[PDB]
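One structure follows; several queries about it will come next.
In this document, chain identifiers A, B, C, D, E and F correspond to the written order of the chains, with residue numbering beginning at 1 in each.
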Amino acid sequence: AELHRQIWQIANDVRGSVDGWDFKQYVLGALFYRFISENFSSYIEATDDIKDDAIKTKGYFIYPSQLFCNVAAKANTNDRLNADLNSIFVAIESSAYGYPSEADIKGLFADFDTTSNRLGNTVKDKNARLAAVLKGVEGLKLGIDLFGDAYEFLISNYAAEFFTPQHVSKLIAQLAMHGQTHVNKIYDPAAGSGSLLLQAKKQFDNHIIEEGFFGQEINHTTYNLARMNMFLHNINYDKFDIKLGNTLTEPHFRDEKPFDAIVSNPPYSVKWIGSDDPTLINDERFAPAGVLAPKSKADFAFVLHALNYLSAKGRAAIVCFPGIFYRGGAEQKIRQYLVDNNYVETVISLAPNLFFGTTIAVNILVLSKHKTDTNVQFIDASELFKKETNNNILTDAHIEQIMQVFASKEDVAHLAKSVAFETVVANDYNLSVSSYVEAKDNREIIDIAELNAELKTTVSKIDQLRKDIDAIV
Amino acid sequence: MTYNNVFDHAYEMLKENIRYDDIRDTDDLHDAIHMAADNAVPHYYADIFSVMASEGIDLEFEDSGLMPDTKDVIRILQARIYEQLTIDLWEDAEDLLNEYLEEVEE
Amino acid sequence: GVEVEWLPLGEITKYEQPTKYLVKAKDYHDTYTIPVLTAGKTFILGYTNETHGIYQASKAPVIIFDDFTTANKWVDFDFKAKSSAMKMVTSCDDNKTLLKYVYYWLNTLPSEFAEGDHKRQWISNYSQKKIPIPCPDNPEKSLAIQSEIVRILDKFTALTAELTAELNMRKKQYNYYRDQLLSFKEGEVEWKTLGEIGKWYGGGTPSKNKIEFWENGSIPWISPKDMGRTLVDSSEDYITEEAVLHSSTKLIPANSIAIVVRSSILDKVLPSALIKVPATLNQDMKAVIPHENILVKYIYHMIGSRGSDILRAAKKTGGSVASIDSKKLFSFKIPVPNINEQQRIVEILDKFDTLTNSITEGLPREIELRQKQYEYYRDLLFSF
Amino acid sequence: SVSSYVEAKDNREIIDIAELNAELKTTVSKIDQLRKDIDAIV
Amino acid sequence: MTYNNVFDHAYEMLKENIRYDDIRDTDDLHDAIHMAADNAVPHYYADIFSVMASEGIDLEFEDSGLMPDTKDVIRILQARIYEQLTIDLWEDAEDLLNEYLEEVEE
Amino acid sequence: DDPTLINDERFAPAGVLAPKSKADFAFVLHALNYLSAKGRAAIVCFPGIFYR
């Protein structure tokens, strides 16, 4: 785009030419180091120094330790490292990431900068490689809040295996919002990356600041990129945490809180053996379920985790699988427990694909604790221009169609509508029976196609006649 | 991601549908095979082609009625996965009927 | 029918899975005998029909295809296969159903059956309900008043079957009848080399990255996905008039013909069509215009009759997905007679295939319109 | 190979024994036209 | 076995057909692309599915005329490989014409 | 050639070399050097030769 395209090209130059999972770590370290280089400069110049020195304060060091918590030195940054091009040797960054990550006092979010590993074959191959890589990194066009914006595509460089497409982020943001300007936001089990966590409050920071962003995820490098994701995008410091571990086996905080909004995105085949092998039969959140979740359908364990941590003022916004009729005897009654009260507010389907090789659409379940109580299944399949989302990725106003459907129970022909509570007690509580409104219904007329066919047969008779005449040349 | 990886998920969902529904019929549990094996196929592109590049499965059908006669190549591959898994779960159901229903007597 | 009541489907219906199959033999050539009936086009090649645990397909059950579809319906005609996903529908009661009747009624509800989008199994849903039944006239004259209407439906299904049979025999006899006439011509007709009848043009293909060259336009584009027809007047693709700046194409006149040279031949018969608009075609086929000594219909029907030998002439060109060379396609001689033996015999063979060929001036205008109004007569007859 | 490929599975058809067969098909088809046209009015 | 592995063989055979035949025409060298790119596709099953599971290539055609409308799924995959390689060799030939024919002047 | 394989003994009367990605027939030009007058070679190849 405007500067998406130029920095896009200069950054996609760096991707060559081997498996990018390993040297993407060096790319992350270089861009993270440059963001530190300019963030700490933006603090200390708020016009003195173009370049710095090695000061020995230990008090002026410890003032941003409680305030920004990136305390290495003054002159160990990327604007100051560019004097040392191909600096022998490569792993001085392994020293240059250690003393900023001392971080015992206070409030670390450290034990974190182990991205830049050591491979490599020898030390000089690493030296020439990171010299060329830092040459390409500093060679990026700087310009100033958009500096992590190309880093957006750096989190989606693999997805053109599981992060988010941005229209879904804006959808779940506009479904968790709004009208609940109260403590707090936000909580996230199966956080993945902080992409879907971003555009809710990054657009709506001026709405209200309330509290921190609460994440938890499994994979270690995904844990690292997630905990740098909201770091690089000019978000604050204090309670913006992602913990490590399975959210099912290790949820915390238990006490904090019945929240006001949560977002998530679960992957398929995140299984766990029921029902149960662990002590989650006797937990604090699956006693509402009664029967518990089976192995290969571990998605609804997240939504039974969801009603634990949510207040009746607040609402939910999560996503699920369309691959459902009843999901065994141990989940038909779980869908019965979901529809047993007005737990579910709305459900919204999408259109295939507009993803990265799925190729099917998704379910989107929006929940609260609020009595109306009609299970309004406001699905959509067209449109939903599901070919490409590049129609104004900043402000599409495509959710304005959905928010307009969200306004007051829109009974729109060839679109979903407000369906009753006991319209779905007749079905086996599926999604969607209603509505799927009846396109391409075509029928005919008695006599129009037959006097035509009579004229066609009279053409065929004279065809037979000059067939019989022209048997002799 | 081999054929055995998908076969393990279909195996465990078959054990779910036999176990927690407590069905003691061959035909209804083969309808449960139609439930479970269709729900155990992968959905990513590369996760399908990794099973297709693995052993066990071949390219060609036996019933061409599983093929939509169109550009839907991934539907054809998914139907081949479904067919191989339904054959292996014919054998697996004929095992697990007399393996499991003798076990649940208590 | 005096009394009409709606009844559930599964009340008078026995549904069953197919029996156990192991029918993966490695060769199932046409020398065998069983009809292997599948979904879509309901015929794959034969197999030996006895002692395999074969279901043997007795006097009138019906089937359903398939998982994800539940819409394709075929009469089990005489005695056929059980082809490994044929889920069987029959009836316990025999004195009411006569389940070719419920075959004739099951295809009357396109409401849910025209929506195949998600991955589900729908067995219980059509297993429930509904059906219109002449109950409570049972068993006195329930099927007796159905006899007239099943006579209507059976004669009309017979109309469709005989039209397909006479279209088959018409195209068979016409394909060979093109070539006692007009062939082995003597004596002696000039064996004029192709390419000496006119400067025919190669083709050309633009790259499809530029949206300005691709999004709009009115010049017709010819690709072999749109081919396989006869007498193409337009196609799916219209290309931009600006895009001929770098299309590497040539604008051909409005009485032209076109011929594929890639991946249609080396397996089956190459198609051809009278292209009537000034259009452009890709790298993967060729445009033929003849020059003034002729009628273009004569060259068209000459190639359309001699296709089975001009595919033989340069058949292999390696084991490629690429195909017949340009030189041996260029270097074939066709008999080109005097002017009196062009227009008369090409009006003969042109009137004959403008009897046959789709669509306008053809038999499908009869056939699909009969199908449409047959379905509408079914829907008009089946109300209360 | 091009040479030799000796002339297997090569087939042709018959000139005019199948035209009176299709003519008998059309004589069945005339009363098929009539059985559609009369039964088109209930 | 990535897409780039097959693209390197097609690249080198293109350099052969431009180099050792010494052709200075766009159209004849695109016929040489029709020669070389069709001869650089793999032939093993897993070596095709590894390229299909790799990046660059997608499933869907642009011309469905490359598809034999039948059970020949591997022909469809091979035609998609051929189509992606012919597009990349459109770009590569428009590079290597003015890259190579300026170089051979001696 | 970059190497000396132009002037080797097994390529004395034949003709110009075999290119890189079509290295099948280098084995068969290697073959009929290592054969007597009496016996015979039995080698296997790709089918897709038009002239390659």
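We adopt the following convention: a residue touches a chain if its C-beta (ideal position, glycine included) is under 8 Å from a C-beta of that chain, and two chains touch if they have at least 3 such contacts.
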Looking only at C-beta pairs that count as contacts, which pair of chains has more of them, C-D or A-D?
C-D
Label of the chain whose CA centroid is most distant from the centroid of chain C
F
Computed distance of Cα centres, chain F from chain C, in Å
50
I'd like to verify one number: the distance from the centre of chain E to the centre of chain F, where each centre is the average of its C-alpha atoms, in whole angstrom.
26
Using mean C-alpha positions as chain centres, tell me how far chain B is from chain E in Å, no decimals.
37
Residue list for chain C, restricted to those that touch at least two other chains
119, 121, 316, 320, 370, 373, 377, 380
Where chain E touches two or more other chains at once, by residue number:
39, 64, 67
Please set out, as single numbers or ranges, the residues of chain D touching at least two other chains.
16, 19, 26, 36, 40
Check the chains against each other and report every pair that touches.
A-B, A-C, A-D, B-C, B-E, C-D, C-E, C-F, E-F
Residue ranges of chain C in contact with chain A within the complex:
110-111, 114-115, 117-121, 181, 345, 348, 351-352, 354-355, 361, 363, 365-366, 369-370, 372-373, 375-377, 379-380
Partner chain E, residues of chain B touching it in the complex:
45-46, 49-50, 52-54, 59-61, 64, 67, 69, 71, 73-74, 76-77
Chain B partner, complex, touching residues on chain A are 161, 268-269, 271, 275, 294-296, 323, 325, 328-330, 357-360
Contacts from chain A onto chain C in the complex sit at residues 322-323, 325, 360, 381, 436, 438, 440-441, 443-446, 449-450, 452-453, 456-457, 459-460, 463, 466-467, 470, 473
Quick one: which bits of chain F touch chain E in the complex? Just the residue numbers, please.
19-22, 48
